[PDB]
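Asks: Sending over a structure as structure tokens; questions will come in a sec.
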Amino acid sequence: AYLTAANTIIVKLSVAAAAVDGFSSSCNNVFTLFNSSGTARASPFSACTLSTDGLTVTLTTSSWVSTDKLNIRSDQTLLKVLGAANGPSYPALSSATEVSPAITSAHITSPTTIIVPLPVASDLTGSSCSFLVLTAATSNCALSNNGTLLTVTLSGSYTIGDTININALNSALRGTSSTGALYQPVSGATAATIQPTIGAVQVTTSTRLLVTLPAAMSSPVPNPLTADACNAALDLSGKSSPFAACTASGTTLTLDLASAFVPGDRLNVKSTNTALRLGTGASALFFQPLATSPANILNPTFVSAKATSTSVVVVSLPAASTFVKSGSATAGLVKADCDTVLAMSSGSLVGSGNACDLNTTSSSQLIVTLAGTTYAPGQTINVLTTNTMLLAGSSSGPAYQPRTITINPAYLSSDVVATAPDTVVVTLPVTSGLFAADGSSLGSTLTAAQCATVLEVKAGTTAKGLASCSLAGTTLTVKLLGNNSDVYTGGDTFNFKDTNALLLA
């Protein structure tokens, strides 16, 4: 006998059996459920059916308690070996048998995770993981969800078509207590195959998302994915055409959103998935909906950072957010409140006042102050693992998750000087260099088209035509055109451009 769910019992046989008319309506007259002391229960079962191959019996009960036994009442006349017409009745065992919880499906969610649902609340000893049977090696396995969601932490590698099944020597896993029924493998049933499913999610921009995959895909359908293909496979709170475009590379499914990111949504695979599949040939395994009832949450993260001065940083956020502390809505937080929350890669935050502020709570930018002028290129801003005050949307919205960000310098320490009617000399704070997209040094040259993608000189609303950039060491020289309006005028301004990708610090 076996228990494959919270209300199910599957009982197996060794020789094809048969059923007599009315056997679906007289289940209690064939089987009987005992307790550990031999005292039979009172009418435990409700309905029953027999499989076509005749070696399987299905029952539904709600009266099962741990360490209960089963057996066939001897005198029973409604179950016949090899035929209801002519055979004898199916015998009974000298001693009853113990129900043993089973397992029937598992998901490989990420490269290092395999979640296995369990039928009922369970108990385990430590986190050693030899009670299973896997081809690959494992490092750790531990319980969760009140004992109803096993987790297997892969250490080796996943080969397509692998199967998970418990061992017959099990001495670690049990049902409902440390002294309950031992999980056992079903006799005659094949080892269950592992199916893939989507992993974690992260918002990286007001429109982009990144999704972890269980293994490196090689050939979706179509190979170059499309907006139509992705809409038919994934679901985002049931919105119509929630998707703008989608690409796959490595173990990441990069993505775009139809409109602005609305805090709250979740992601799960639709029922009719046909596009995203893992493997090649007849071994292809389609992605399935996850076991967890709540769909995977969308974790907001930092978008980008830049230092407006040596002791100020203005982080940009993907959507409206707000600090929440002790049930109230707040705009900023004092040092110790922001200190176990976000940490610069080197240094410490300000002492007195709001060390981390947003002005109006429902905003999109975050201002940080340090212990003086201590920012130098090569410093990063991150959200720490243990944090709860950061929440996007409302008083109970999603909390931010760790992600490293690099700060772009945006401060000029010294003034900018016009030495001639067509010359402007800009003194940069740190040693610099011109490099290419692929990283090869560009030396000290910059063309007119390449010099308009780095900086601009403007008067009022209009800009000024350029002729050449230049940079040797820490002085960056610029030359205008020189005719009509491309000359120095009575009050002008200089600005770096956010499109800049050629000039590095």
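Identifiers for the structure tokens are assigned positionally: chains receive A, B, ... in sequence, residues are indexed from 1 per chain, and ligands are indexed from 1 in the order shown.
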Give me, as a PyMOL selection string, the residues of stretch 164-368 of chain A that a backbone DSSP run labels strand (DSSP E).
Replies: chain A and resi 164-166+173-175+192-196+201-203+208-211+234-236+243-249+252-257+266-269+277-278+285-286+296-297+299-300+305-307+312-325+328-330+332-333+342-344+356-357+363-368
Asks: Apply DSSP to the structure's backbone, then extract all residues of stretch 42-290 of chain A labelled alpha helix (DSSP H) and return them as a list in words.
Replies: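 Reading the DSSP output for stretch 42-290 of chain A, alpha helix (DSSP H) covers residues 227, 228, 229, 230 and 231 of chain A.
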Asks: Using only C-alpha atoms, find the one residue out of A:261, A:183, A:45, A:287 that sits nearest to residue A:215.
Replies: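 The closest residue to residue A:215 is A:287.
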Asks: I'd like the contact shell of stretch 239-242 of chain A - 8 Å cut-off, only C-alpha atoms, skipping same-chain residues fewer than 3 positions apart - returned as a list in words.
Replies: residues 231, 235, 236, 257, 258 and 259 of chain A
Asks: List the spatial neighbours of residue A:123 as a list in words - criterion: any atom at most 6 Å away, only C-alpha atoms, same-chain residues fewer than 5 positions off excluded.
Replies: residues 174, 177 and 178 of chain A
Asks: Calculated over only C-alpha atoms, which of the candidates A:285, A:437, A:55, A:179 has the smallest distance to residue A:220?
Replies: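 Once distances to residue A:220 are computed over only C-alpha atoms, the minimum belongs to A:285.
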Asks: Work out how far atom CA of residue A:305 is from atom CA of residue A:504, in Å to one decimal.
Replies: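 Going from atom CA of residue A:504 over to atom CA of residue A:305 covers 15.5 Å.
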Asks: Write out as a list in words each polymer residue whose atoms come within 8 Å of stretch 153-161 of chain A, counting only C-alpha atoms; drop sequence neighbours fewer than 3 positions from it.
Replies: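 In the requested form, the answer reads residues 111, 112, 113, 114, 136, 137, 138, 139, 140, 141, 193, 194, 215, 279 and 283 of chain A.
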Asks: For residue A:44, please output as a list in words all residues within 8 Å (counting only C-alpha atoms; exclusion window: fewer than 6 positions along the same chain).
Replies: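 Everything that qualifies: residues 28, 32, 33, 61, 62, 63 and 64 of chain A.
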Asks: How many Å lie between atom CA of residue A:397 and atom CA of residue A:330, rounded to one decimal?
Replies: 14.4 Å
Asks: Of the residues A:7, A:171, A:212, A:218, which is the one nearest to residue A:109, using only C-alpha atoms?
Replies: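 For residue A:109, the nearest of the candidates is A:212.
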Asks: If we count only C-alpha atoms, what is near stretch 468-477 of chain A at a cut-off of 8 Å, once residues fewer than 4 positions away on the same chain are taken out, given as a list in words?
Replies: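 Close residues of stretch 468-477 of chain A: residues 423, 424, 425, 426, 427, 428, 429, 430, 431, 432, 433, 434, 444, 445, 446, 447, 448 and 451 of chain A.
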Asks: Generate the output file for the selected residues, N, CA and C atoms, as an mmCIF file, in the first residue's frame.
Replies:
```cif
data_model
loop_
_atom_site.group_PDB
_atom_site.id
_atom_site.type_symbol
_atom_site.label_atom_id
_atom_site.label_comp_id
_atom_site.auth_asym_id
_atom_site.auth_seq_id
_atom_site.Cartn_x
_atom_site.Cartn_y
_atom_site.Cartn_z
ATOM 1 N N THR A 423 38.173 77.322 -27.975
ATOM 2 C CA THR A 423 38.826 76.331 -27.129
ATOM 3 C C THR A 423 38.182 76.314 -25.751
ATOM 4 N N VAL A 424 37.966 75.110 -25.223
ATOM 5 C CA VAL A 424 37.458 74.910 -23.870
ATOM 6 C C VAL A 424 38.248 73.774 -23.239
ATOM 7 N N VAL A 425 38.820 74.020 -22.064
ATOM 8 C CA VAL A 425 39.742 73.088 -21.424
ATOM 9 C C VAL A 425 39.117 72.631 -20.113
ATOM 10 N N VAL A 426 38.882 71.325 -19.997
ATOM 11 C CA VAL A 426 38.142 70.734 -18.888
ATOM 12 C C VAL A 426 39.094 69.840 -18.110
ATOM 13 N N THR A 427 39.239 70.113 -16.819
ATOM 14 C CA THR A 427 40.191 69.413 -15.965
ATOM 15 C C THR A 427 39.448 68.318 -15.215
ATOM 16 N N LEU A 428 39.747 67.065 -15.548
ATOM 17 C CA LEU A 428 38.964 65.978 -14.988
ATOM 18 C C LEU A 428 39.549 65.517 -13.656
ATOM 19 N N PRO A 429 38.710 64.963 -12.775
ATOM 20 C CA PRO A 429 39.162 64.715 -11.398
ATOM 21 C C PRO A 429 40.189 63.606 -11.265
ATOM 22 N N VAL A 430 40.154 62.585 -12.120
ATOM 23 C CA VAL A 430 41.041 61.439 -11.988
ATOM 24 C C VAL A 430 41.657 61.122 -13.342
ATOM 25 N N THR A 431 42.764 60.382 -13.301
ATOM 26 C CA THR A 431 43.413 59.928 -14.523
ATOM 27 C C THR A 431 42.412 59.181 -15.390
ATOM 28 N N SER A 432 42.435 59.472 -16.688
ATOM 29 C CA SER A 432 41.393 58.991 -17.585
ATOM 30 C C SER A 432 41.977 58.247 -18.780
ATOM 31 N N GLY A 433 41.131 57.932 -19.756
ATOM 32 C CA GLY A 433 41.569 57.255 -20.958
ATOM 33 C C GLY A 433 40.437 57.028 -21.937
ATOM 34 N N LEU A 434 40.748 57.037 -23.229
ATOM 35 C CA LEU A 434 39.772 56.771 -24.276
ATOM 36 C C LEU A 434 39.913 55.323 -24.723
ATOM 37 N N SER A 444 44.480 59.131 -28.183
ATOM 38 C CA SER A 444 44.102 60.494 -27.830
ATOM 39 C C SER A 444 43.372 61.178 -28.978
ATOM 40 N N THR A 445 42.608 60.419 -29.753
ATOM 41 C CA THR A 445 41.851 60.953 -30.874
ATOM 42 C C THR A 445 40.357 60.845 -30.600
ATOM 43 N N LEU A 446 39.593 61.753 -31.204
ATOM 44 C CA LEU A 446 38.137 61.678 -31.187
ATOM 45 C C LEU A 446 37.592 62.532 -32.320
ATOM 46 N N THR A 447 36.709 61.949 -33.127
ATOM 47 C CA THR A 447 36.175 62.622 -34.298
ATOM 48 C C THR A 447 34.983 63.496 -33.920
ATOM 49 N N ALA A 448 34.479 64.236 -34.909
ATOM 50 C CA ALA A 448 33.362 65.140 -34.656
ATOM 51 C C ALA A 448 32.100 64.371 -34.291
ATOM 52 N N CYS A 451 32.682 62.929 -30.847
ATOM 53 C CA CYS A 451 32.811 63.945 -29.810
ATOM 54 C C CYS A 451 31.472 64.556 -29.421
#
```
Asks: Tell me which of A:320, A:48, A:198, A:295 sits closest to residue A:277, counting only C-alpha atoms.
Replies: A:198
Asks: Have a look at atom CA of residue A:124 and atom CA of residue A:172 and let me know their distance in Å, one decimal.
Replies: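 About the pair atom CA of residue A:124 and atom CA of residue A:172: they are 5.7 Å apart.
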